[PDB]
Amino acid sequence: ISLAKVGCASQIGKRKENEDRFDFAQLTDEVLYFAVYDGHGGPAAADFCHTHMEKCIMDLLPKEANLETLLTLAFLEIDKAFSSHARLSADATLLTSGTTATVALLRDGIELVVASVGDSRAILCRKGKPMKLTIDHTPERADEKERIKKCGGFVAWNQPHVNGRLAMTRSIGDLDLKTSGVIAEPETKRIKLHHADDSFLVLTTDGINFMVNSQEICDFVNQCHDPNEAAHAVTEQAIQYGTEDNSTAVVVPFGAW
């Protein structure tokens, strides 16, 4: 696998700051890492994950062979770390700072494991068909709604927001909403890559998702030259369809192994 080929674009939209972060790296000989972080309420939480996620993972790699279990621990461990960082700084806004997290680990070139909290997305495109690797955590999910109430929170409306503040039901940070049911525990998925067909991993933030569905994302990946152009193509298409949030796409090509 080559990382010179990974394509990524991030556009700011009609917002004052761009709070999307993304990273990818070769962690060990066997483990590749890919991530998007959609921040809100200040970039502090997205930056924190961007800065520290790779060490939470690497320190746990020698201890945990189930990568779904590994990322669960890493997410909860990094959220506990952000809590303390926030509670101990002079800036009180860090207590309202949050972020989505969608992280992918590829082991041995073959085993793809994806964990996320929030409404940023991961899909896999093989032969121009998408497969969803994530499901959005939003209050319009019956199971998510029930946890929010069980924990004593509520959902308000313009379109549904937890306690009138948070458009999603899981996240890293948002220290005050943690008691009301906003958790840092991811949902996970494990798959094996195709031995013969080329498959692409695409991470996107909600600015893109609002206007470009999963199928149209495969079309851009399928029809553009390199992943670089495809990533820039799909973020720009979202802006032109009417999206105003920050928009970030990351396109990862996998060889047939």
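When you see a residue number, it is the position in the sequence shown, counting from 1.
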Averaged over C-alpha atoms, is the B-factor higher for 223 to 231 or for 34 to 42 in this PDB entry?
223 to 231
Looking only at CA atoms, which has the higher mean B factor in the entry: 246 to 254 or 1 to 9?
1 to 9
Can you pull the Cα B-factors for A92, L73, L106, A122 from the entry and say which is highest?
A92
Chain third (lowest, middle, highest) by recorded CA B-factor, residue given as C49:
lowest
Against its chain's modelled residues, does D197's Cα B factor rank lowest, middle or highest third?
highest
Among all modelled residues of this chain, ranked by Cα B factor, put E17 in the bottom, middle or top third, i.e. lowest, middle or highest.
highest
C-alpha B factor of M131, ranked within the chain: lowest, middle or highest third?
lowest
Could you place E111 in the lowest, middle or highest third of its chain by Cα temperature factor, using the values in the record?
lowest
